[PDB]
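The chain is numbered in sequence order, starting from 1. Atom set for the values below is all heavy atoms of this structure, side chains included, hydrogens, waters and symmetry mates excluded.
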Amino acid sequence: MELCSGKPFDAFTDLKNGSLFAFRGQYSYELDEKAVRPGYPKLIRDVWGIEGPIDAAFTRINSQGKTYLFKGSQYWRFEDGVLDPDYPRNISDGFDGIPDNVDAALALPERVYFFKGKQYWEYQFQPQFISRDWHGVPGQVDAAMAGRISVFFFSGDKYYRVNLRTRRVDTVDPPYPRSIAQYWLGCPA
Ligand SMILES: [Ca+2]
Ligand SMILES: [Cl-]
Ligand SMILES: [Cl-]
Ligand code: NA
């Protein structure tokens, strides 16, 4: 399935060295400005060695820059695309308090947030309401990721940008929520 199909996304890693990965169904898209074929559809099983679909993902800011992929009750930890030894692990064992079957996750420019239904959890290396602390973000999200100064929340075929300093959905034109394909990816018309 093409990156620019306009279908919803399942998960995104965090922006690392100008690149990230999007997940949809059985597909991994590497989003990098440098790519020869940018957003070439690769199978998750071929790139990451695990079955899709994946629930959520995040990448850590630190120099190792480990990527975490979540599916059901388990998570996998990667370095330079290689699975670390003794993964997968149980979410319950690695992330005390975090539930199974998360909707989305992001790591902040060290804090990770997990999203499930109307709630989110803060994890550092007690649930709160998304719409209370993330001003403009609706209850439930499909996926999330962190940039340098903003975070992005994905819901169906649309997304929100939240400024980190104010934790408010930014005022833009046309307003959030708006098309991922058109305004986030800059897909061809
Ligand atoms: Ca998801
Ligand atoms: Cl995600
Ligand atoms: Cl940003
Ligand atoms: Na994410």
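Using modelled atom types and a 3.5 Å distance limit, the side chains of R178 and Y159 yield a donor-acceptor pair.
Here the shortest heavy-atom pairing between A57 and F23 reads CB-CE1, 4.3 Å. Taking every heavy atom of both residues into account, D103 and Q140 meet most closely at OD2-NE2, 2.7 Å. Closest approach of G6 and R24 over heavy atoms only: N-NH2, 4.3 Å. Of all the heavy atoms in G52 and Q26, the pair that sits closest is N-OE1, 3.0 Å. Looking at every heavy atom in both residues, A107 comes nearest to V112 through CB-CG2, 3.9 Å. Among all heavy-atom pairs drawn from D142 and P8, the shortest one is OD2-CB, 4.2 Å.
By the side-chain hydrogen bond (donor to acceptor under 3.5 Å, both in side chains) test, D14 is found to be paired with no residue, residues two or more places apart in sequence or in another chain being considered. In this structure, the side-chain contact (heavy atoms from CB on, under 4.5 Å) partners of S179, at least two apart in sequence or on a different chain, are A181, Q182, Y183. Among residues two or more places apart in sequence or in another chain, the ring pair (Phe, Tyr, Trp, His ring centres under 6.0 Å) test is passed with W121 by none. In this structure, the side-chain contact (heavy atoms from CB on, under 4.5 Å) partners of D170, at least two apart in sequence or on a different chain, are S150, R161, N163, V172, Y176. For the side-chain contact (heavy atoms from CB on, under 4.5 Å) test, residues two or more places apart in sequence or in another chain that qualify with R132 are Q128, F129. With sequence neighbours excluded, no residue satisfies side-chain hydrogen bond (donor to acceptor under 3.5 Å, both in side chains) with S155. For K66, the side-chain hydrogen bond (donor to acceptor under 3.5 Å, both in side chains) partners are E79, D84, not counting sequence neighbours. Under the ring pair (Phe, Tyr, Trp, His ring centres under 6.0 Å) criterion, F9 pairs with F12, not counting sequence neighbours. Residues satisfying the ring pair (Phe, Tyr, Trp, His ring centres under 6.0 Å) test with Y40, not counting sequence neighbours, are none. For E110, the side-chain hydrogen bond (donor to acceptor under 3.5 Å, both in side chains) partners two or more places apart in sequence, or in a different chain, are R60. Evaluation of the ring pair (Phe, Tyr, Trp, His ring centres under 6.0 Å) rule for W76 yields no partner, not counting sequence neighbours.
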### Message
Before you tell me yes or no, could you show the steps for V151 and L108 under side chain to side chain contact (heavy atoms under 4.5 Å, CB included), namely the whole-Å CA-CA distance, both residues' side-chain angles and the distance that decides it to 0.1 Å?
### Response
CA-CA 8 Å; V151 303; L108 273 205; 4.0 Å; yes

### Task
Could you check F115 against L106 for side chain to side chain contact (heavy atoms under 4.5 Å, CB included), going step by step and ending with a plain yes or no?
CA-CA 9 Å; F115 303 84; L106 69 87; 3.9 Å; yes

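Atom CD of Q126 has 12 or fewer neighbouring heavy atoms from other residues, nucleotides or ligands inside a 6.0 Å radius. The 12-atom threshold is exceeded at CZ of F21, counting heavy atoms of other residues, nucleotides or ligands nearer than 6.0 Å. Other residues, nucleotides and ligands place more than 12 heavy atoms under 6.0 Å from the CG atom of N62. Around atom CG of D96, no more than 12 heavy atoms belonging to other residues, nucleotides or ligands sit under 6.0 Å away.
Grouping the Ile, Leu, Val, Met, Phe, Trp and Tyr side chains by contacts below 4.5 angstrom, directly or via other members, places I54 with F95. Using a 4.5 Å cut-off between side-chain heavy atoms of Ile, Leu, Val, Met, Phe, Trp and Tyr, with links allowed through other members, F114 and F125 fall into the same hydrophobic cluster. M1 and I44 fall into different hydrophobic clusters, defined by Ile, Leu, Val, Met, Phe, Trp and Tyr side-chain heavy atoms under 4.5 Å apart, directly or through other members. If you chain together hydrophobic residues whose side chains sit under 4.5 Å apart, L43 and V47 never meet in one group.
Using the six-membered ring where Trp is involved, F153 and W134 have ring planes that are perpendicular, over 60° apart on the 30 and 60° scheme. Ring-plane geometry between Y120 and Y113 is classed as tilted, the angle between the planes lying from 30 to 60 degrees on a 0 to 90 degree scale. By the 30° and 60° cut-offs, the orientation of the rings of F70 relative to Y75 is parallel.
Pairs engaging residues 46-55 under the salt bridge (charged side-chain N to carboxylate O under 4.0 Å, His left out) rule: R45-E51 [sequence neighbours left out].
The structure places CD of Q74 at 6.0 Å from CG of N90, a figure rounded to the nearest 0.5 Å. We find the CD-CG distance between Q119 and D133 to be 11.5 Å, quoted to the nearest 0.5 Å. Once rounded to the nearest 0.5 Å, the distance linking NZ of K71 with CD1 of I50 reads 8.0 Å. Between the CD1 atom in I91 and the CG atom in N101 there is a gap of 7.0 Å [rounded to 0.5 Å]. Between the CD1 atom of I98 and the OG atom of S92 there is a distance of 11.0 Å, given to the nearest 0.5 Å. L185 contributes atom CG, which lies 5.0 Å from atom CG of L3 (distance to the nearest 0.5 angstrom).
Shown are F78, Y27, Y87; of these, the ring pair (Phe, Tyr, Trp, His ring centres under 6.0 Å) with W48 is made only by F78.
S131 places a side-chain N or O within donor-acceptor distance of the main-chain N or O of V137, the cut-off being under 3.5 Å.
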